[PDB]
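Participant: got a structure for you, letters missing:
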């Protein structure tokens, strides 16, 4: 998942 | 972010 | 007559068998707690006053003492977890919930404020408030044809409290609690008060900060358009949380991401990516990285809005943190973009600023960049342009930094470096 939740 | 608690002054 | 009292005097009166004396004493307590600095919260707590205050909440016949004690408890709960716990331990929750139905708006307002501070403490109390059934009484307070008929400050208090019931993550609010609240939330998100607007966004930003199922129940209400709109707001207090919601929503499925794009989100980014408030710029770039990390037709959307140039800019000069978000945006783009697209990127001038970043004191970004370069070469490998690309990277002294990294300590690094060197240069 390239989508990173750096939150 | 608007913080957790608020004091009525 | 109720100004500057001593804790013991407040005790002396609250303990007398005189309702009026208690009222006076309770009000004196309120003033101590409502004082500019260092409200004697621990002193009042030690005196064992909370149980007394809590019990005054139920004195229907004396709304005045109800209010005062409410205000007092409110400020105690406004403190530390330690302190807030004291209020909860006193049985304040059920009692405050009971005051939401009060005929005296300023009293149920206090109750709102109080419950606001309690759920604020965190997951645990947040959920205890819900378990005592606060949500209905609260929402009932907004069941009006037009939100504008409500007292401005009163409406803000409710919004703020509602936002707190959406806050915190371990665990996240109960699904049915979120489902229940969302409708009012959507409606508040269309109100004209900047305050209400800001906290409404925060509430949404909280609900969208979690698993895709969570994001979905929000997106499912069709608020994205309104968010994109608020994203364009002129008041930073609104823009910040709005950008947070949008940024979170784009961490979900591509279909969810598509929603913000379809909403026009991108058109605002030239502004956001050059916004003066550093933090807005970081959030914006972070969001961009979660868009470049999607479908190609989506990457293309970025390209059509002329956002690449801005990414180059951000990568070139900005707070390091924003640059780190840029590095990712770029690497993600090169990670899933077409050849024609990875080319356009190089044509915009991505190579130089990207190389200069290799000098950064951060092993992690250094990886994201080398990683990104890799992706680019491979696109240039498919066009037999590998050499030409080498020159560029060599022209701006990039190679001079890759062979240095080659002698870096971190494994991931020196390894990625070497490969590039031998395979594309020496």
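Facilitator: Arrived safely. Residues are numbered from 1 along each chain as shown, chains lettered A, B, ... in the order given.
Participant: which single helix of chain C contains the most residues?
Facilitator: helix C:363-381 (DSSP state H).
Participant: apart from its chain neighbours, what residue comes closest to whichever residue of the stretch 101-250 of chain C sits closest to chain A?
Facilitator: Relative to chain A, the nearest point of the stretch 101-250 of chain C is residue C:209 (6.6 Å; Cβ to the nearest Cβ). (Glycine included, C-beta is placed from N, CA and C.) In space, and not counting its chain neighbours, residue C:209 is closest to residue C:248: 4.9 Å by Cβ to Cβ, 6 or more residues apart in numbering or on different chains.
Participant: the one you found reaches residue C:201, doesn't it?
Facilitator: No: Residue C:248 is beyond contact range of residue C:201, at 11.1 Å (criterion: Cβ atoms under 8 Å).
Participant: of those two, give the one with the bigger neighbour count.
Facilitator: residue C:201 (31 against 25; other Cβ atoms under 10 Å in any protein chain shown).
Participant: show me what from chain C comes close to chain A.
Facilitator: C:209, C:250-252, C:286, C:289-290, C:293-294, C:325, C:328, C:332, C:335-336 (Cβ under 8 Å from any Cβ of the partner chain).
Participant: kindly report the residues of chain C close to chain B.
Facilitator: Proximity of chain C to chain B (Cβ under 8 Å from any Cβ) is limited to residues C:33-36, C:39, C:71, C:74-75, C:77-79, C:84, C:110, C:113, C:116-117, C:120-121, C:160, C:163-164, C:167, C:198-199, C:202, C:205, C:241, C:244.
Participant: helices - which of those residues land there?
Facilitator: Those of these lying in helices (DSSP H): C:33, C:71, C:74-75, C:77, C:84, C:110, C:113, C:116-117, C:120-121, C:160, C:163-164, C:198-199, C:202, C:205, C:241, C:244.
Participant: so residue C:88 touches residue C:117, yeah?
Facilitator: No: taking contacts as Cβ under 8 Å, residue C:88 lies outside contact range of residue C:117: 10.3 Å.
Participant: which of the two has more neighbours?
Facilitator: Between residue C:88 and residue C:117, counted using other Cβ under 10 Å, residue C:117 has the larger neighbour count: 28 against 18.
Participant: please name the residues that touch the residue of chain C found nearest chain A.
Facilitator: When scored by Cβ to the nearest Cβ, chain C has residue C:293 as its residue closest to chain A, at 3.7 Å. The contact partners of residue C:293, taken as Cβ atoms under 8 Å, 6 or more residues apart in numbering or on different chains, are A:2, A:3, A:4, C:328, C:332, C:333, C:335, C:336.
Participant: go with 10 Å
Facilitator: Taking Cβ atoms under 10 Å, 6 or more residues apart in numbering or on different chains as the criterion, residue C:293 is in contact with A:1-4, C:250-251, C:254, C:257, C:299, C:328-329, C:331-333, C:335-336.
Participant: for residue C:362, same thing?
Facilitator: C:320, C:323, C:324, C:327, C:368.
Participant: could you report the distance from the last one to residue C:377?
Facilitator: Pointing back at residue C:368 there. From residue C:368 across to residue C:377, the span is 15 Å (Cβ to Cβ, to the nearest Å).
Participant: now residue C:192, what's its secondary structure?
Facilitator: Here residue C:192 is recorded as coil under DSSP: H, G, I helix; E, B strand; the rest coil.
Participant: mind listing what it touches?
Facilitator: Here residue C:192 is in contact with C:147, C:148 (criterion: Cβ under 10 Å, 6+ apart).
Participant: quick one, helices of the stretch 1-150 of chain C?
Facilitator: C:7-15, C:19-33, C:41-46, C:50-57, C:63-77, C:81-89, C:92-99, C:105-121, C:123-131, C:135-140 (DSSP state H, counting those that start in this stretch).
Participant: of those helices, which approaches residue C:357 most closely?
Facilitator: Minimum separation from residue C:357 across these (Cβ to Cβ) falls at helix C:123-131, 38.7 Å.
Participant: which residues touch the closest one?
Facilitator: Helix C:123-131 is contacted from outside by C:77, C:81, C:84-85, C:87-88, C:93, C:96-97, C:115-121, C:134-135, C:138, C:161, C:164-174, C:176-177, C:180-181, using Cβ under 10 Å, 6+ apart.
Participant: ok and it relative to helix C:63-77, angle-wise?
Facilitator: In terms of direction (axes from the mean of the first three to the mean of the last three Cα atoms, to 10 degrees), helix C:123-131 departs from helix C:63-77 by 150 degrees.
Participant: in helix C:123-131, which of the residues would be classed as buried?
Facilitator: C:125, C:126, C:127, C:129, C:130 (16 or more other Cβ atoms under 10 Å in any protein chain shown).
Participant: mark which of the contacts of helix C:123-131 are buried, thanks.
Facilitator: The buried subset of the contacts of helix C:123-131 - by 16+ other Cβ under 10 Å - is C:77, C:84-85, C:87-88, C:93, C:96-97, C:115-121, C:134-135, C:138, C:161, C:164-168, C:172-173, C:177, C:180-181.
Participant: distance check, the closest residue to residue C:58 other than its chain neighbours against residue C:107.
Facilitator: Using Cβ to Cβ, 6+ apart and skipping residues adjacent in sequence, the residue nearest residue C:58 is residue C:95, 6.0 Å away. Distance, residue C:95 to residue C:107, by Cβ to Cβ: 12 Å.
Participant: list residues touching both of the two?
Facilitator: Residues touching both residue C:95 and residue C:107 by Cβ under 10 Å, 6+ apart: C:57, C:66, C:70.
Participant: of all the contacts of residue C:293, which comes closest to chain B?
Facilitator: Distance ranking of the contacts of residue C:293 against chain B, using Cβ to the nearest Cβ, places residue C:251 first at 17.2 Å.
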